[PDB]
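K.L.:
Return atomic coordinates for the entry below.
(one chain, ligands or ions: 1)
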Amino acid sequence: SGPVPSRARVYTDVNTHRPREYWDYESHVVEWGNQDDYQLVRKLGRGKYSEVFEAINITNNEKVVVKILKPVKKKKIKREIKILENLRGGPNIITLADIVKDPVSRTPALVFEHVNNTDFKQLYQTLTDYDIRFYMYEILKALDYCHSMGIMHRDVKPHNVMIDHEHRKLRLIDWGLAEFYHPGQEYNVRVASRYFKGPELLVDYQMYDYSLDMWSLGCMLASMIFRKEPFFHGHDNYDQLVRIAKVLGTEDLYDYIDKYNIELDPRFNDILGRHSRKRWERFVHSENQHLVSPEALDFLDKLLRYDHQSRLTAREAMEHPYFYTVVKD
Ligand SMILES: COc1ccc(C(=O)Nc2ncc(-c3ccc(C(=O)O)cc3)s2)cc1
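P.N.:
Residues are numbered from 1 along each chain as shown. Here you go, the structure:
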């Protein structure tokens, strides 16, 4: 008879108590840098709505990355910009070193610090058990910081986690989907990579929060220790939830939907079927045991939970024994 509302259990009113210019990006006035200080070197990846290039600051010969914002909606540009500024300086948060525009065209471009990212398409291998705990911990720092600042990343995935292994340097990037958290707001469930979409999104529950991001984190932790990227590999959004259900089980999935009085599509109930909750051990093998430990499994199990309200906060996660060595260090 109607979805049960929900609210973040932590940092719930973080933006409510701040000045109106902090989250009101629509009124944010941008200060422009000088476009002529940069020269594009080569195109990297791509994207819909943006063109990313490796570049060089002609003033200091320093490498930099430039994201040209293609014709879209100024609000979206204002949102990412305001967010990037609000987070500037945060631990492991990509640094927005400048903002420029074509004086004639008006086409906006975001200049970021450069990261000599180690090729991930085949790197998470040499990554030792300690390397994972370390980087996971570092990713946690960024999340707790951004969440602390009332902001949801919404696109946590391996591609948005730049890593310069040689320098043990990590950065969380592309805040293109990030949004400000305001208790009781209904958000767009169509964010984040499919393999990293949380149950809440998959069942169309819109009143979600920061917890979306630890689920995505949990997915990354899984793929990393079990050496299966992506861990949950669905064909489409519907199948994505089936992949999760085959691991976490259907009973818990149904208690969750029941709890929030969520209505699922009829056909969806047919494809979910019936599955038992499998034990994580079931996924460990000779090629990934060195990365798996009891602590890792306990931590992962506390991240990957249907009910977003029951997931660990980034802060609580940084306290898990899995990180004993890292912290100690
Ligand atoms: C193989 O060596 C490599 C060295 C460097 C790179 C590379 O892309 N470096 C990069 N450094 C920073 C990058 C970056 C890309 C997008 C965004 C955003 O917020 O949208 C922010 C920062 S990309 C890629 C490969």
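
K.L.:
use CA for all of it now, contacts and neighbours both
P.N.:
Will do.

K.L.:
List the contacts of the residue lying closest to residue 173 once chain neighbours are set aside.
P.N.:
Using CA to CA, 6 or more residues apart in numbering and skipping residues adjacent in sequence, the residue nearest residue 173 is residue 160, 4.8 Å away. Neighbour list for residue 160: 172-174 [criterion: CA atoms under 8 Å, 6 or more residues apart in numbering].

K.L.:
Give me the contact list for the longest helix along the chain.
P.N.:
For the chain, the longest helix by residue count, based on DSSP state H, is helix 129-148. Outside of helix 129-148, the residues within contact range by CA under 8 Å, 6+ apart are 11, 14, 87, 90-93, 152-153, 170-172, 210, 213, 221, 224-225, 290-292, 313-315, 317-318, 322-323, 326.

K.L.:
Would you mark the buried spots in it?
P.N.:
Buried residues in helix 129-148, counting neighbours by 16 or more other CA atoms under 10 Å, are found at 129, 131-148.

K.L.:
Flag every residue of the protein that's near the ligand.
P.N.:
Within the chain, the positions adjacent to the ligand are 65, 112, 114-119, 173-175 by CA under 6 Å from any ligand atom.

K.L.:
returning to that earlier point: please pick the buried ones from the contacts of helix 129-148.
P.N.:
Neighbour counting with 16+ other CA under 10 Å marks 11, 14, 87, 90-93, 152-153, 170-172, 210, 213, 221, 224-225, 291-292, 313-315, 317-318, 322-323, 326 as buried within the contacts of helix 129-148.

K.L.:
how much space between the nearest residue to residue 190 once chain neighbours are set aside and the ligand?
P.N.:
Counting by CA to CA, 6+ apart, residue 190 lies nearest to residue 201, which is 7.1 Å off, once chain neighbours are set aside. Distance, residue 201 to the ligand, by CA to the nearest ligand atom, to the nearest Å: 23 Å.

K.L.:
Is the closest residue to residue 230 other than its chain neighbours in a helix, a strand, or coil?
P.N.:
The shortest distance from residue 230 to any residue other than its chain neighbours is 5.8 Å, reached at residue 223 (CA to CA, 6+ apart). Put simply, residue 223 is helix when judged by DSSP: H, G, I helix; E, B strand; the rest coil.

K.L.:
burial count for residue 223?
P.N.:
Residue 223: 16 surrounding residues under other CA atoms under 10 Å.

K.L.:
how close does it sit to the ligand?
P.N.:
Distance from residue 223 to the ligand, by CA to the nearest ligand atom: 21 Å.

K.L.:
wait, what's in contact with that residue?
P.N.:
229-231.

K.L.:
And residue 207, by the same measure?
P.N.:
By CA under 8 Å, 6+ apart, the residues touching residue 207 are 5-7, 184-187.

K.L.:
need those residues in a markdown table with distance to residue 52 and secondary structure, can you?
P.N.:
Below are these laid out as a markdown table (distance: CA to CA, whole Å; DSSP: H, G, I helix; E, B strand; the rest coil):
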| residue | distance to residue 52 | secondary structure |
| --- | --- | --- |
| 5 | 39 | coil |
| 6 | 37 | coil |
| 7 | 35 | coil |
| 184 | 35 | coil |
| 185 | 32 | coil |
| 186 | 31 | coil |
| 187 | 27 | coil |
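
K.L.:
Make a PyMOL selection of the buried ones in these.
P.N.:
The following PyMOL line selects those of these that are buried, judged by 16+ other CA under 10 Å:
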select buried, resi 6+7+187
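
K.L.:
thinking again about what came up before, looking at the contacts of residue 160, spot the one nearest the ligand.
P.N.:
The ligand lies nearest to residue 174 out of the contacts of residue 160, by CA to the nearest ligand atom, at 3.3 Å.

K.L.:
Excluding chain neighbours, what is closest to residue 49?
P.N.:
residue 70 (4.6 Å).

K.L.:
Please enumerate the helices of the protein.
P.N.:
Counting by DSSP H, the helices of the chain are 20-23, 74-87, 129-148, 199-202, 212-226, 237-248, 250-259, 266-272, 294-303, 314-317, 324-328.

K.L.:
Just name the most buried of the ones you listed.
P.N.:
Mean neighbour count (mean count of other CA atoms under 10 Å) peaks for helix 212-226 among the helices of the chain, with a mean of 24.

K.L.:
The nearest residue to residue 67 once chain neighbours are set aside pairs with what?
P.N.:
Nearest non-adjacent residue to residue 67, counting by CA to CA, 6+ apart: residue 52, 4.4 Å away. Beta-bridge pairing of residue 52 under DSSP bridges involves residue 44, residue 67.

K.L.:
All further residue positions should be reported with the first residue as 20.
P.N.:
Yep, numbering from 20; the last one is residue 71 now.

K.L.:
Residue 71 is in contact with residue 85, isn't it?
P.N.:
Yes. Residue 71 lies in contact with residue 85 (CA atoms under 8 Å); the separation is 5.5 Å.
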